[PDB]
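Undergrad: Please see the structure below; I have some questions.
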Amino acid sequence: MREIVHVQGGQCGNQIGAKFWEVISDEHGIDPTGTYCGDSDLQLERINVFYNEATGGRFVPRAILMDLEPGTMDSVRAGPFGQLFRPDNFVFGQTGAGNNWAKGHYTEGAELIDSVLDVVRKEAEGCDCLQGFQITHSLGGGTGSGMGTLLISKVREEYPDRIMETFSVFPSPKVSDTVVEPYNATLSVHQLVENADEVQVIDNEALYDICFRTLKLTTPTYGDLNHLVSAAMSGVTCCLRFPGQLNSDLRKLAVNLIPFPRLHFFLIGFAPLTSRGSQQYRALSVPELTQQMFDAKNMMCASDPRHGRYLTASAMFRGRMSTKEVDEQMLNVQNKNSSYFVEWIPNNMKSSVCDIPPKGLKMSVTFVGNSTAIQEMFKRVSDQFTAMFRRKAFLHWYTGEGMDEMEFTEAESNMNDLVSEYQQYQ
Amino acid sequence: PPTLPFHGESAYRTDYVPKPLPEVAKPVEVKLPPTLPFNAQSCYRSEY
Ligand SMILES: Nc1nc2c(ncn2[C@@H]2O[C@H](COP(=O)(O)OP(=O)(O)O)[C@@H](O)[C@H]2O)c(=O)[nH]1
C-alpha cells in the first residue's frame, strides 16, 4: 500500500518525533510495549504506513532517529513509549556538531550520513510502494539543520519522485536563544527549496502564543509545544491512515497547494483547542472550527496572514460530519473574507473528510496553508543574517572546515529571490 | 625557661574537612494516562 519513513534529526527533531510516536501509538492502540489493546479493524488495518511487523507482533515504528550527540536519543529511550524503536534504528554519534551548519553538512556529518542512508534504505525498499518521507528537524541548530538538510538532498537524489514532507522549526528572531540562528537558518533554507516538497514552518514562538493565549497554560514546557505539533503531524497523514468520505494523501496536498515550482512553505493550525475550563462551554460544530483555524492566534508560525494573502489553502477535517457543512463554511470564508485571498486563483481551498476522529475529540481540523505571508520571516531571518554578515560576524568557525564566503552570499541571494517571488503575488 | 604549647592549624586542614555527603535518592515517578477507548466508525459501515 502506502508507506511513510519518518526520520528525526537533532535534539529538536528527536524530541518532537518521540511525542509523534506517542500520539500515533495512542491512535492505533499500541502500548509502550507494542501490542494492540483494542478491538477495531479500522484502528489496525492501515498500520503499515508507520509501523512494521516482526514475528510475534511487536509493531516497531519506521523511525530513523539520528543525531551527532548521544544525549537526547537516550532520553527518548528511557522515557515512556521510547522502547518502541529498534536499537539499530538509532544512528548515534560522538563529539558533536555544536551549533554549526558546517559541522553537520561538510565535516562531522559526512562520515555519519553514510550509515544513515543505510538505515533509511532498509526501511525504504522493505515494502512495495513508498508515499514519501516525514522529516522532523531544526533549522536553528547545528546537528539538526546540517545533516538534516543534507539528508533531504540525499534521499531526494535517491528517490526523486517520493513526497519530501518536512516539519522544520524555523528560528523566530524575537525571543529565542543561540546566536548563530541566522547563519544556520539562511544556509539551510537554500538547501531546502530545491530538495523538499512540503516544508511546514512551525516556530517555537508562535507555539508559545498558542499556549499562552488559546490554551492558557501557566507553565508551557517543551513537551507541551511538541504535543501541539504532533497533533498537526497526525492530522495531515490521516487519509493514509483511516478511511473517510473524501480522502486526501500527501501527494494531494502538494498538487492542490503549490502553483509554481518553489512556493512550498506552509502554515499549520490544529483546533479543537479550548481554554482551561472551557470544555463545558465550547461547541464542536464546523463553523466554530473554521472560525478558529483562520484566527491568527491559531498559527504555528508567527507570520500573521492578515499581513499578506492566502495563495492557496487546505483544511483536512477529521471526525463524523456532513459534506455541505464543510462546503458552505469553506465558501463563506472566501465570500466574507475576500481581501486576504488571492484573485488570480479561483476557489482557493481544498477540503477532506476523515471519518475517524482523534482520540476523545469528536471533531478536529488541521489547516495547512500556502500563504504569501511567510516572507515576513524570510525577511526577519535575512535582516538578522545581513546585520551579522556585513561586519564579519561568527565565520572563522564556518570557514576553516571548508566553506568559502561565496556560499554565504549565494544562500542569502536564494533567500532574497524567494522573498521577491512571494512579493510577486501579493 | 618554659616551653609554650604549639597551637597551629593550616588553612587547608581547617576548612577542607571531610564534609557529610548530600542525601540523594529521589526518583521522579511519572504516571501514564490510560488509553482512551476507540470510538470511531467507518461511514460505509455506519450507513451501509
Ligand atoms: N519544538 C521543539 N523545539 C526545541 C526543542 N529543543 C530545542 N528546541 C528549539 O531549538 C533551538 C535549539 O536547537 P538545537 O537543540 O540546538 O538543535 P540541534 O542541537 O542542532 O539539534 C532552541 O531555540 C529551541 O527553542 C524541542 O524539544 N522541541
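How things are named: the first chain in the C-alpha cells is A, the next is B, and so on; residues count from 1 in each chain; ligands count from 1 in the order shown.
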Do a neighbour search on stretch 57-64 of chain A at 8 Å with only C-alpha atoms, toss out local chain neighbours closer than 2 positions, and write the hits as a count of residues only.
TA: 27
Undergrad: Tell me, as a list in words, which residues lie within 12 Å of residue A:227, counting only C-alpha atoms; anything in the same chain fewer than 2 positions away does not count.
TA: residues 15, 16, 17, 18, 19, 20, 21, 22, 23, 24, 207, 210, 211, 220, 221, 222, 223, 224, 225, 229, 230, 231, 232, 233, 234 and 270 of chain A
Undergrad: Residues within 6 Å of ligand 1, counting only C-alpha atoms and all ligand atoms: report them as JSON, numbers by chain.
TA: {"A": [10, 11, 12, 15, 16, 99, 138, 140, 141, 142, 143, 144, 176, 177, 204, 222, 225, 226]}
Undergrad: Write down, as a count of residues only, each residue of chain A that has any atom within 9 Å of an atom of chain B, counting only C-alpha atoms.
TA: 24
Undergrad: Would you mind writing down, as number ranges by chain, each residue of chain B that DSSP on the backbone assigns to helix (DSSP H, G or I)?
TA: B: 11-15, 43-47
Undergrad: Which parts of stretch 237-303 of chain A does DSSP call strand (DSSP E or B) when run on the backbone here, written out as a JSON list (two decimals) with N, CA and C atoms, in the first residue's frame?
TA:
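Done, and the output landed in result_10.json:
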```json
[["chain", "number", "residue", "atom", "x", "y", "z"],
["A", 246, "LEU", "N", -14.18, 11.68, 1.85],
["A", 246, "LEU", "CA", -13.32, 12.28, 0.84],
["A", 246, "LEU", "C", -11.89, 12.18, 1.34],
["A", 265, "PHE", "N", 6.14, 26.66, 1.32],
["A", 265, "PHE", "CA", 6.33, 26.92, 2.75],
["A", 265, "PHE", "C", 4.96, 27.23, 3.35],
["A", 266, "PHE", "N", 4.42, 26.27, 4.08],
["A", 266, "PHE", "CA", 3.04, 26.32, 4.55],
["A", 266, "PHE", "C", 2.95, 26.67, 6.03],
["A", 267, "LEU", "N", 1.73, 26.96, 6.47],
["A", 267, "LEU", "CA", 1.44, 27.36, 7.84],
["A", 267, "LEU", "C", 0.36, 26.43, 8.38],
["A", 270, "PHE", "N", -4.04, 23.57, 14.20],
["A", 270, "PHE", "CA", -4.90, 22.47, 14.61],
["A", 270, "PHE", "C", -5.84, 22.93, 15.71]]
```
Undergrad: Do you have the atom CA of residue A:273-atom CA of residue A:293 distance handy?
TA: 9.5 Å
